[PDB]
Amino acid sequence: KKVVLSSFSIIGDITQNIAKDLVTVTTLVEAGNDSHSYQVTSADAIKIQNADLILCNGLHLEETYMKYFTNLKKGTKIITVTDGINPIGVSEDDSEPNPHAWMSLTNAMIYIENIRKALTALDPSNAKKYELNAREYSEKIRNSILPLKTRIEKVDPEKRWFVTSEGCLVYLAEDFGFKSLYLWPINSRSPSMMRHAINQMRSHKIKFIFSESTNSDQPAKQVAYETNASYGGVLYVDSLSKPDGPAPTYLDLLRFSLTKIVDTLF
Ligand SMILES: [Zn+2]
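The sequence shown lines up with residues 4 to 96, 100 to 194, 198 to 275 when you count with the authors' numbering.
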């Protein structure tokens with residue numbers, strides 16, 4: 004039985020829905036651990052050696068721990084599951103890529119397709135099962151998320167802003183046709202970015218700013234105070250929640266976070 008290692012919980016869960024126990028799906032950065040800054044342990048090194056296929060986000064998500072993906076089993080490839088996704092930079096222009107491509111309905115389909123493709127090349131005798139599984143999961147995501155997009159698209163053009171702490175929604179904004187404002191591009198910053206967000210929120214009359222499940226809510230609340238806006242609450246973006254939490258799957262993560270976003274716009 005083949006072993007497929009996903010770099011973090013979001014990719015692991017997507018892969019599980021496509022493979023459905025045809026392969027063993029493992030995860031490097033488990034839910035609750037930090038996808039942007041991870042220390043690979045000795046036990047993790049065993050997962051890496053056992054991997055017949057390694058599934059990474061790319062867009063530099065794994066840059067600080069890519070060095071551990073060495074001395075690999077012969078034939079084991081590292082697949083970048085964001086292939087075909089136009090990067091969005093961390094600056095406001100050339101700059102490093104923002105890694106959070108999975109916060110997008112469109113990109114969900116691309117993650118799924120790339121994983122289907124890689125699983126099929128790894129395990130070609132199960133091609134028909136991966137094909138079926140990938141379509142079913144794609145439809146499942148679409149059925150849950152599209153009604154949220156439909157509500158979101160009713161927002162008036164003046165209020166088309168996602169304001170967050172980390173720049174975690176830049177791909178969602180591009181996907182749905184919103185503008186995004188944030189305090190720092192990637193979780194572990199700067200006074201000027203905070204000042205810029207405060208001025209932009211006042212200039213555009215923005216009413217809400219969120220924080221997220223793995224960072225502090227204090228900067229968002231301070232910005233809310235200084236802008237006469239409201240704190241929007243906590244979104245899930247960088248990790249699945251614990252199993253008894255609100256976002257224990259990728260589908261649930263998208264559904265929860267987008268629901269919470271719509272429920273502040275209306
Ligand atoms: Zn992040």
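C-beta: ideal position from N, C-alpha, C; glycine also.
Residue environment for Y234: exposed (fewer than 16 other C-beta atoms within 10 angstroms of its C-beta). When distances are taken from the beta-carbon of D226 to the heavy atoms of ligand 1, even the shortest one reaches 7 Å or more. If you check the C-beta of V246 against ligand 1, you find a heavy atom less than 7 Å away.
At a Cβ-Cβ threshold of 8 Å, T67 and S101 do not count as neighbours. Counting of Cβ neighbours within 10 angstroms places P252 among the exposed residues, the total staying below 16.
When the Cα atoms are used, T126 and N120 turn out to be separated by approximately 10 Å.
Counting the other CB atoms within 10 Å of its CB gives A48 a total below 16, which places it among the exposed residues. Distances between the C-beta of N113 and the heavy atoms of ligand 1 are all 7 Å or more.
In the structure shown, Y240 falls within a strand segment according to DSSP collapsed to helix, strand and coil. For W190, DSSP records a beta bridge to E172.
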